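S.K.: Chains as they are written, first to last, in UniProt numbering: chain Z, 228 to 758; chain P, 226 to 650; chain U, 216 to 432; chain L, 169 to 212. By construction, the Cβ of each residue, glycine as well, lies at the ideal position given by its N, Cα and C atoms. Dropping the structure in here first, questions after.
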Amino acid sequence: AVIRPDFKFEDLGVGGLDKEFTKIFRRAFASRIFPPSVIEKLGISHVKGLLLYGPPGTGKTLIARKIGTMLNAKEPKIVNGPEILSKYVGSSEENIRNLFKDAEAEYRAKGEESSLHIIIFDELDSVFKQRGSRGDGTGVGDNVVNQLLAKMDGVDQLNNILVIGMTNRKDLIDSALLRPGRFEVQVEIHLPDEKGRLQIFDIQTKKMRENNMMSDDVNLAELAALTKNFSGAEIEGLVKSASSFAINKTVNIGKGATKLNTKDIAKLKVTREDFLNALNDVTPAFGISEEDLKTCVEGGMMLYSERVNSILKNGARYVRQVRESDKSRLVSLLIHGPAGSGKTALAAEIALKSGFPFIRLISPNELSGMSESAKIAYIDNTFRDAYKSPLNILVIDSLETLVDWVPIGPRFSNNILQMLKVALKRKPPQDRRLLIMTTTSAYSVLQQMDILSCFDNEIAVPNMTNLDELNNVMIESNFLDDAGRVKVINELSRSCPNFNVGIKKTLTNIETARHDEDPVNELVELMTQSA
Amino acid sequence: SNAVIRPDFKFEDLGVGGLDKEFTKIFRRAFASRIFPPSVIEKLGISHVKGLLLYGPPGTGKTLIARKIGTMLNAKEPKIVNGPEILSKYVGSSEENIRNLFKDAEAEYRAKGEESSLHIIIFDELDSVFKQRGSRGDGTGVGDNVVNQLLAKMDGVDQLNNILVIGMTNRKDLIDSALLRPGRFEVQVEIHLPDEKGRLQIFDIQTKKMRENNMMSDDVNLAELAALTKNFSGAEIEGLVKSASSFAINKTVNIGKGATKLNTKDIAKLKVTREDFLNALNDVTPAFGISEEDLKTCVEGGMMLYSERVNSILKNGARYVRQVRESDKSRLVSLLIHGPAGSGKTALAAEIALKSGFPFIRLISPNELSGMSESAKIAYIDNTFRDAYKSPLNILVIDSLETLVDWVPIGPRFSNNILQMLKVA
Amino acid sequence: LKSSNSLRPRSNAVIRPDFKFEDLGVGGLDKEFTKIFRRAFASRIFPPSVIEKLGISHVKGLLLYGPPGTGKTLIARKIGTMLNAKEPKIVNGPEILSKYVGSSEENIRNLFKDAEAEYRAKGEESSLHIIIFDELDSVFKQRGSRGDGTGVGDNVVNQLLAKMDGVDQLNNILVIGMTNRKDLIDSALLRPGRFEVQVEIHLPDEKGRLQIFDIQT
Amino acid sequence: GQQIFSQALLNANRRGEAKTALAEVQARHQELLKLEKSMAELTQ
Ligand SMILES: Nc1ncnc2c1ncn2[C@@H]1O[C@H](COP(=O)(O)OP(=O)(O)OP(=O)(O)O)[C@@H](O)[C@H]1O
Ligand SMILES: Nc1ncnc2c1ncn2[C@@H]1O[C@H](COP(=O)(O)OP(=O)(O)OP(=O)(O)O)[C@@H](O)[C@H]1O
Ligand SMILES: Nc1ncnc2c1ncn2[C@@H]1O[C@H](COP(=O)(O)OP(=O)(O)OP(=O)(O)O)[C@@H](O)[C@H]1O
Ligand SMILES: Nc1ncnc2c1ncn2[C@@H]1O[C@H](COP(=O)(O)OP(=O)(O)OP(=O)(O)O)[C@@H](O)[C@H]1O
Ligand SMILES: Nc1ncnc2c1ncn2[C@@H]1O[C@H](COP(=O)(O)OP(=O)(O)O)[C@@H](O)[C@H]1O
């Protein structure tokens with residue numbers, strides 16, 4: 228009738244998109260399950276138009292390909308976009324109205340008993356662009372829209388036709404076709420989640436695992452964890468790229484001649500490191516984040532003192548609070564202290580430990596080179612993006628630099644400042660939560676801006692002063708031997724007991740002294756001038 | 226029976242100098258699936274890649290490679306297409322033409338299945354027609370359709386699995402995004418300027434038959450020449466050889482002054498000497514090595530060591546150069562020279578710079594920016610910094626920071642945006 | 216003809232040894248003529264054997280630039296019509312643009328067919344061909360720059376690039392261009408293999424003025 | 169401040185007349201061949 232009696236959808240290649248399959252089935256073919264008598268008794272018309280769309284490489288073509296064999300359907304008629312057009316006058320139009328004869332003849336022939344005829348237009352946007360483009364030329368690029376529109380709207384009671392049009396960009400489609408009676412239902416296909424990711428890996432590696440061609444070492448769960456933003460196509464590319472490494476161990480291409488170890492051909496087997504190399508090869512095209520924060524803490528922590536621990540505990544407390552309560556849908560925090568003491572690393576570390584679904588940072592680094600309007604738009608889009616996921620953490624870096632402060636005017640960009648002022652007080656949409664951490668080094672300037680009133684709590688980060696903490700960082704850095712680390716501190720105790728540097732400068736000085744002369748005469752010397 | 230890549234084959238016989246690390250990748254990713262038992266690869270349940278992109282700056286050798294791959298691989302004759310050759314007047318002839326290229330591959334693939342021979346088509350210069358669909362380019366709407374047809378034919382709803390497409394370009398950022406997805410133009414390779422060893426290889430390749438036909442003097446030392454030609458690309462060494470030949474050959478005929486001097490004795494002992502090359506260095510000039518001429522010109526007045534503080538500062542500079550060269554975690558070091566005006570700062574900084582021997586050296590001065598608009602300046606500055614993230618070791622020199630930010634004490638007046646850019650950068 | 220041994224510079228020489236720089240009629244410029252004639256018209260006189268043992272392909276480009284009214288077109292003309300080669304295929308500045316979607320670039324493709332045909336048919340003994348672009352700086356501007364809102368400013372330059380040096384070789388042509396502003400021509404046209412020798416032509420010195428006066432009267 | 173292109177389309181004009189300039193030559197040609205054959209017999 229309309230679905231084969233022998234089918235369950237488990238066997239099919241498409242995996243990871245199951246909700247979408249149920250929506251399509253419910254809203255498209257559901258009305259053609261019962262006997263016809265019911266539908267007219269209920270006064271419901273059938274659906275006629277479908278639209279599928281998503282980013283490039285998401286699997287839509289796979290669906291369009293397999294659905295015909297999937298549901299006991301008449302062999303769908305496939306036409307790619309730019310072939311409808313033709314040279315001779317009137318040829319394109321007749322070509323469009325040359326597809327519908329068979330279904331319409333069956334309709335006149337057999338009334339409502341007529342079977343379902345499905346035609347799918349790959350690449351809908353190619354020809355059916357906006358019909359008000361202009362150009363003063365050959366009008367074949369418009370009458371085609373008119374022809375399809377006439378045969379689809381003024382159908383003359385043809386109620387046994389479903390057109391499925393697939394595209395990558397809805398925006399280019401002529402608006403005249405997006406209206407009731409004409410492509411009513413639109414289904415978005417977006418990037419897969421993690422579980423569907425695992426499904427895709429499993430589907431891809433079926434034939435591999437069956438033929439004992441993969442080493443038992445390989446663990447799919449780890450791989451699925453690693454591939455943050457990979458679509459199905461990228462996953463397949465990964466699979467075959469990883470395979471190429473295993474392939475290229477027996478056949479030594481270029482070097483030497485063709486040396487095929489006929490024995491190892493039967494012992495061919497893929498291993499984890501090959502997959503890792505493959506991961507290094509392919510890259511995603513979406514990215515967004517989860518790399519900038521990681522590189523922002525590359526130098527790592529040292530826990531030279533309790534202060535670090537206390538601050539971290541407070542951050543853990545706050546993330547717990549925003550995670551638990553439902554009345555607290557927005558919290559803002561300030562992190563202020565002396566320049567170079569190290570602020571950014573701490574906030575990045577807290578955010579990384581939080582493990583929320585959603586994380587990004589905003590830094591002057593990204594915004595560099597843009598015009599003011601571009602910067603405003605960028606920040607606005609970033610914020611609007613943040614209002615999406617159920618839980619969100621946002622980090623703002625070096626606020627003073629974002630506002631272009633120089634003290635001689637004093638000159639600064641007011642627009643950005645006031646935009647930020649309004650934005651940091653905006654509660655997100657209903658049943659969403661947000662957590663803001665902003666860092667600065669010029670507390671007093673902010674106080675003059677009088678913008679101190681939208682911060683719920685402030686955190687100081689005093690730089691270190693006691694020689695013990697210096698010994699801690701020095702032992703961690705492995706600058707010298709044990710006796711060296713002792714003698715230097717004994718010398719520094721009397722050379723200059725009062726001590727105020729920070730953290731970054733210390734590591735810099737350690738490295739320089741390592742390079743030239745790791746004796747006292749360099750490290751202690753510089754340490755003394757800096758303080 | 227017809228394994229494409231010819232059982233005994235070496236990169237040495239290709240005839241391309243330098244780029245020893247790329248061919249490895251190309252052959253590993255592309256041809257490492259087609260010279261194996263069909264049963265095994267069938268068990269492996271994978272499909273051969275069908276895309277290839279080669280991009281880089283002009284003259285780096287990105288058309289030689291395509292030709293040799295076309296000719297040396299025991300496949301069907303390659304189907305060359307020049308850049309804007311596809312389009313046509315009549316409506317619907319452009320799109321048809323781009324689907325006439327695939328007919329024979331499909332024709333073979335239906336019949337002989339997985340025993341057909343490789344078909345290879347080379348698009349020269351992709352970015353002319355396959356721009357990002359969506360703008361308003363022509364007012365007719367042809368380019369979108371051509372991009373469309375290519376999209377639908379490279380992957381489409383039908384499987385081909387016996388085809389290969391090669392592409393070349395100088396600007397990769399205008400190619401429409403959908404082409405670059407895996408499944409279409411998978412492997413992408415950058416071809417950049419050579420290093421010294423690559424330069425030596427190229428000199429060896431070019432002056433090959435030179436040497437074995439005993440037409441080269443015994444005085445020329447190729448290592449020395451490779452050491453002289455610092456920023457030469459692959460396409461200007463050939464110019465050098467041609468010029469050296471012209472100097473050597475002009476000594477006999479004496480064009481213009483008087484002919485008939487061409488006689489067997491003169492032409493029976495032709496030999497290109499070393500002087501000819503040195504003379505030829507005055508004709509061919511780099512295009513990317515245009516900034517080092519400024520630096521050498523800045524110290525034209527000459528260095529005189531009237532004291533010893535000069536020695537001390539120079540030694541400190543050399544120490545710092547060594548430190549950056551030898552370190553691994555110190556990937557960024559910044560220094561300042563200050564002192565009374567007229568004290569000779571720029572000369573000293575350049576003078577330190579030139580002895581470093583680093584691959585990459587560049588200078589920004591008010592000189593380059595004069596006459597430009599503000600947006601133009603900021604763009605130039607950003608470009609120059611982003612260019613400095615390519616080579617392993619790089620040196621950058623900024624002259625007269627105060628004048629770059631356009632300082633005058635009367636107001637005080639100055640441009641804030643450039644200052645911020647520099648501070649951020 | 217056929218010389219068993221002791222063959223000629225060229226059975227049909229392009230320069231023909233009865234030649235001297237006092238016959239052109241261009242006064243003043245003297246070193247420029249030397250450099251031009253050495254870099255370009257030196258590799259087409261020696262016997263084919265030695266040049267073939269040397270494996271150096273003849274230069275296929277010449278650019279002349281300078282202030283207005285200095286003598287560029289004169290030089291182009293004299294070179295065109297005082298040699299032993301096929302007739303020049305002159306093209307003026309914007310002579311190439313055509314109406315329909317695909318005619319300009321076809322027009323550019325049209326210029327090379329006789330040369331490729333004869334090179335294919337014969338090989339190394341094909342007679343030289345010359346085509347002269349007048350006032351090069353009209354259409355061939357830097358790609359990606361402001362102007363040419365229509366999509367022609369790229370395709371035209373593109374076809375020419377692909378056609379002067381592509382996967383298929385050709386070494387029986389010599390192309391010459393003339394201009395007042397070389398700072399606007401595309402950068403990829405000024406590399407070795409495409410417009411190799413560039414010459415500035417400047418205002419005359421005093422002795423050169425004496426030469427010009429003696430040439431005119 | 170902009171600029172325009174133009175295009176061509178071939179119109180039934182040729183869809184018919186040019187295809188007819190094959191069919192209608194070879195077929196009248198068929199009549200003429202018949203004439204020639206008959207004249208050959210008559211001359212014999
Ligand atoms: N407990 C710690 N607190 C801060 N930084 C630490 C700590 N342990 C290790 N570090 C290291 O100290 C460095 C801190 O540098 P960071 O860039 O945060 O300084 P900053 O003050 O934010 O810089 P700026 O002065 O430009 O604002 C990092 O390399 C970080 O890994
Ligand atoms: N690395 C190299 N090895 C061998 N030959 C080289 C190399 N680099 C340049 N050449 C030679 O110099 C010329 C390079 O011209 P080529 O065909 O590569 O143009 P191109 O670099 O592709 O120009 P564009 O990329 O701007 O189109 C050829 O004659 C080539 O043989
Ligand atoms: N030891 C030296 N220190 C400085 N200059 C030297 C030294 N030895 C020689 N010179 C010469 O001194 C001159 C330095 O002039 P330079 O233009 O560098 O001065 P400057 O102060 O950088 O210029 P400005 O006044 O515009 O800032 C050059 O001619 C250089 O060759
Ligand atoms: N060196 C010269 N010797 C003799 N006559 C000269 C010389 N230079 C210029 N002339 C005279 O100038 C006339 C015009 O010069 P020409 O045709 O070169 O113009 P042009 O340089 O092409 O100018 P434009 O840049 O405007 O195109 C020539 O016909 C010739 O009589
Ligand atoms: N569940 C899946 N999602 C996405 N891609 C998949 C999936 N399963 C397999 N693939 C692979 O990804 C490709 C599908 O891409 P396709 O739908 O043609 O991209 P486009 O969106 O351009 O049509 C095929 O090569 C297919 O083998």
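#1: For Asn395 of chain Z, which residues in the same chain have their Cβ closer than 6 Å to its Cβ, ignoring the five residues on either side in sequence?
#2: With DSSP as the reference, please indicate the residues paired to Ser402 of chain U in a beta bridge.
#3: With DSSP collapsed to three states, give me the class of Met441 of chain P.
#4: Determine the DSSP secondary structure at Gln384 of chain Z, reduced to helix, strand or coil.
#5: Should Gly276 of chain U be listed as close to ligand 2, given that the test is whether its C-beta is under 6 Å from any heavy atom?
#6: Does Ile480 of chain Z have its Cβ less than 7 Å from a Cβ in chain P?
#7: Between which two residues does the beta strand (DSSP E) harbouring residue 764 of chain Z extend?
#8: Residues bridged to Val274 of chain P by DSSP?
#9: Can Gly243 of chain Z and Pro419 of chain Z be called in contact, C-beta distance under 7 Å?
#10: Measure the alpha-carbon distance for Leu277 of chain U versus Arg424 of chain P and round it to whole angstroms.
#11: Tell me the DSSP bridge mates of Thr432 of chain Z?
#12: Please give the ranges of any beta strand (DSSP E) in the segment 652–724 of chain Z, keeping only runs that are unbroken, at least 3 residues long and fully inside the region.
#13: What does DSSP give as the partner residue(s) for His197 of chain L in the beta ladder?
#14: Residues around ligand 3, please: the ones whose beta-carbon is closer than 6 Å to some heavy atom of it, in chain order.
#15: Under a Cβ-count criterion, where at least 16 other Cβ atoms within 10 Å of its own Cβ denotes burial, should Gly240 of chain U be classed as buried or exposed?
#16: With a cut-off of 7 Å, does the C-beta of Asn438 of chain Z fall near any C-beta of chain P?
#17: Of all Cβ atoms in chain Z, is any one closer than 7 Å to the Cβ of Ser264 of chain P?
#18: Relative to the alpha-carbon of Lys287 of chain P, which residue among U:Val382, U:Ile400 and U:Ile430 has its alpha-carbon at the smallest distance?
#19: If you draw a straight line from the alpha carbon of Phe256 of chain Z to that of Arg231 of chain Z, how long is it in whole angstroms?
#20: Taking Cβ-Cβ distances below 7 Å as the criterion, which residues of the segment 306–325 of chain P are in contact with chain L?
#21: Give me the subset of the segment 342–370 of chain U whose CB atoms are less than 8 Å from a CB atom of chain L, sorted by chain position.
#22: Using only the alpha-carbon positions, how far apart do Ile416 of chain P and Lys422 of chain P sit?
#23: Is it buried or exposed, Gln384 of chain P, if we count other Cβ atoms within 10 angstroms and call 16 or more buried?
#24: So which residues of chain Z does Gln175 of chain L contact, with C-beta pairs closer than 8 Å?
#25: Give me the residue from Z:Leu539, Z:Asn386 and Z:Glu310 with the minimum Cα distance to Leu351 of chain Z.
#26: Within this structure, are the beta carbons of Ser598 of chain Z and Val688 of chain Z separated by less than 7 Å?
#27: Could you confirm whether any beta carbon from chain Z is found closer than 7 Å to the beta carbon of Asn641 of chain P?
#28: Helix, strand or coil for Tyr334 of chain U? Go by DSSP, reduced to three states.
#29: In or out: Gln675 of chain Z buried (at least 16 other Cβ within 10 Å) or exposed?
#30: Which residues in chain P have a C-beta closer than 7 Å to the C-beta of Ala460 of chain Z? List them in chain order.
#31: By the DSSP assignment, the alpha helix (DSSP H) with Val649 of chain Z in it spans what residues?
#32: Using 8 Å for Cβ pairs, my map puts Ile663 of chain Z next to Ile623 of chain Z. What's the rounded Cβ distance?
#33: Check whether the segment 479–495 of chain Z touches the segment 537–554 of chain Z, counting contact only when three or more Cβ pairs, one atom from each stretch, lie closer than 8 Å.
#34: Looking only at its own chain, which residues have a Cβ that is under 6 Å from the Cβ of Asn699 of chain Z, when we skip the five neighbours before and after it?
#35: Residues of chain P with a CB under 7 Å from the CB of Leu178 of chain L: which are they?
#36: Could you name the residues of the segment 246–257 of chain P whose beta carbon sits closer than 8 Å to any beta carbon of chain Z, in the order they occur along the chain?
M.R.: Answer, in terms of the structure:
#1: The beta carbon of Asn395 of chain Z lies closer than 6 Å to those of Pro283 in the same chain, with the five residues before and after it left out.
#2: Paired residue(s): none; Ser402 of chain U is not in a bridge.
#3: If DSSP states are grouped into helix, strand and coil, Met441 of chain P belongs with the strands.
#4: coil
#5: no
#6: Chain P contact via Cβ: present.
#7: This structure cannot settle anything about residue 764 of chain Z, because the visible part of chain Z is limited to 228 through 758.
#8: Paired residues: none, contrary to the question.
#9: yes
#10: 27 Å
#11: Partner residues in a beta bridge of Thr432 of chain Z, as assigned by DSSP, do not exist.
#12: 661–667 and 684–687
#13: Beta-bridge analysis with DSSP links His197 of chain L to no other residue.
#14: Those satisfying the condition are, in chain order, P:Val524, P:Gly526, P:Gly527, P:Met528, P:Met529, P:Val535, P:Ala566, P:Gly567, P:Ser568, P:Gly569, P:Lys570, P:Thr571, P:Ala572 and P:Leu573.
#15: exposed
#16: yes
#17: Interface with chain Z (7 Å Cβ-Cβ cutoff): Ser264 of chain P is excluded.
#18: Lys287 of chain P has its Cα closest to that of U:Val382, out of U:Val382, U:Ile400 and U:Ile430.
#19: 13 Å
#20: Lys314, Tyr315 and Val316
#21: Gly364 and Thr365
#22: 16 Å
#23: exposed
#24: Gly364 and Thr365
#25: It is Z:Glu310 whose Cα lies nearest to the Cα of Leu351 of chain Z.
#26: no
#27: The beta-carbon of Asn641 of chain P is placed less than 7 Å from the nearest beta-carbon of chain Z.
#28: helix
#29: exposed
#30: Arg406, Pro407 and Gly408
#31: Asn641 to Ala650
#32: 7 Å
#33: Output reads no: the segment 537–554 of chain Z does not touch the segment 479–495 of chain Z.
#34: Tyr531
#35: Within chain P, the residues near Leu178 of chain L are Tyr315.
#36: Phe248, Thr249, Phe252, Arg253, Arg254, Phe256 and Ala257
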